[PDB]
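Each remark here refers to the structure printed beneath this line.
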2 protein chains.
Amino acid sequence: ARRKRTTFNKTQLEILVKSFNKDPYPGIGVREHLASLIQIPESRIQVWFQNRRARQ
Amino acid sequence: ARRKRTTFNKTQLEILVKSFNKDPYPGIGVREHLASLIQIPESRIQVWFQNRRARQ
DNA sequence: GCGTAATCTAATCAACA
DNA sequence: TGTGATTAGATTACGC
């Protein structure tokens with residue numbers, strides 16, 4: 001009943017890690033910007049940031 | 001900065017409440033179906049279902 | 001002003017590879 | 001066999 005597991009390539013992961021090192025708590029504007037930049041739904045990016053902050 | 005508060009009209013709330021009374025833990029397919037039906041992003045519908053289960 | 005949409009942490013599951 | 005997705009609790013704080 002779960003969604004298909006989202007896959008991130010090297011460029012998307014690099015951009016996400018750069019934005020995370022800049023700010024671990026991005027606002028809705030920055031999340032929407034990343035969503036339009038790397039072509040990933042914004043909810044997926046919010047989940048990615050939450051998982052990242054959880055692991056560290 | 002937070003996202004703008006999503007607004008639901010009477011019809012959207014009615015459809016969501018009927019689907020909730022049918023199944024409080026909808027799969028990704030039903031959430032995407034409701035998203036296409038009432039024209040609301042699927043993440044918003046998942047959040048709505050979680051908040052509903054949270055009240056009840 | 002209240003109801004409830006939104007966001008976070010802590011925990012757990014499971015899918016693609 | 002080894003990280004994205006989901007859930008439950010707390011909270012903050014807009015829209016109507």
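Chain identifiers are assigned alphabetically (A, B, ...) following the order of the sequence lines, protein sequences preceding nucleic acid strands; residue numbering begins at 1 within each chain.
- The separation between A:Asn51 atom CG and C:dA14 atom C1' is 13 Å, rounded to whole Å.
- One distance of note links CD of A:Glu14 with CG of A:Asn9; it measures 8.5 Å at 0.5 Å rounding.
- For the pair A:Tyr25 OH and D:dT12 P, the interatomic distance rounds to 15 Å; values are reported in whole Å.
- Per the geometry, CZ belonging to A:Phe49 stands 17 Å off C1' belonging to C:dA6, to the nearest Å.
- The shortest distance between side-chain heavy atoms of A:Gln46 and A:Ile28 does not fall below 4.5 Å.
- For A:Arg2 against C:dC13, a side-chain-to-base donor-acceptor contact under 3.5 Å is present.
- Residue A:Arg52 places at least one side-chain N or O closer than 4.0 Å to OP1 or OP2 of D:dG4.
- Under the 3.5 Å distance criterion, the side-chain polar atoms of B:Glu32 are left unmatched by any main-chain donor or acceptor of B:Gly29.
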If pairs are Watson-Crick or G-U with both distances under 3.5 Å, what is the dot-bracket string of DNA chain D, marking crossing pairs with [ ] and pairs to another strand with |? |||||||||||||.||
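- Here C:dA6 presents its P atom at 10 Å from CD1 of A:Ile28, a figure rounded to the nearest Å.
- When atom types are taken as modelled, the side chain of B:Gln56 and the backbone of B:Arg53 share no donor-acceptor pair closer than 3.5 angstrom.
- At a threshold of 4.5 Å between non-hydrogen side-chain atoms, the residues A:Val30 and A:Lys22 do not count as touching.
- Using a 4.0 Å cut-off on heavy atoms, the residues of residues 4-15 of chain B that approach DNA chain C are B:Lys4, B:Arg5, B:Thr6, B:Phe8, listed by number.
- At the heavy-atom level, B:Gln46 lies under 4.0 Å from the strands shown only through sugar-phosphate atoms.
- Looking at heavy atoms from C-beta onward, B:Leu34 lies out of side-chain contact with B:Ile40 at the 4.5 angstrom threshold.
- Taking for each of A:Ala54 and A:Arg31 the nucleotide of DNA chain C with the nearest heavy atom, the 5'-most of the two is the partner of A:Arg31.
- To the nearest 0.5 angstrom, A:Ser43 atom OG is 6.5 Å from B:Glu42 atom CD.
- Because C1'-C2'-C3'-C4' is negative for C:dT7, its sugar is assigned to the south class.
- Put simply, CD1 on A:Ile38 and CH2 on A:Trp48 are 8.5 Å apart, with the number rounded to the nearest 0.5 Å.
- Atom CZ of B:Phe20 and atom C1' of C:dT4 are 14 Å apart (whole Å).
- Protein atom CD1 of A:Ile45 is 11 Å distant from nucleotide atom P of D:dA5, rounded to whole Å.
- The CZ atom of B:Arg53 sits 5 Å away from the P atom of D:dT7 (whole-angstrom rounding).
- At a threshold of 4.5 Å between non-hydrogen side-chain atoms, the residues A:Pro24 and A:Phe49 do not count as touching.
- Regarding B:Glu42, its CD atom lies at a distance of 15 Å from the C1' atom of C:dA6, rounded to whole Å.
- Between B:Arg3 and B:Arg44, some side-chain heavy-atom pair lies under the 4.5 Å cut-off.
- For B:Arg44 and C:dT7, the shortest distance from a side-chain N or O to OP1 or OP2 is below 4.0 Å.
- Side-chain atoms of A:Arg55 and base atoms of D:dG4 include a donor and an acceptor less than 3.5 Å apart.
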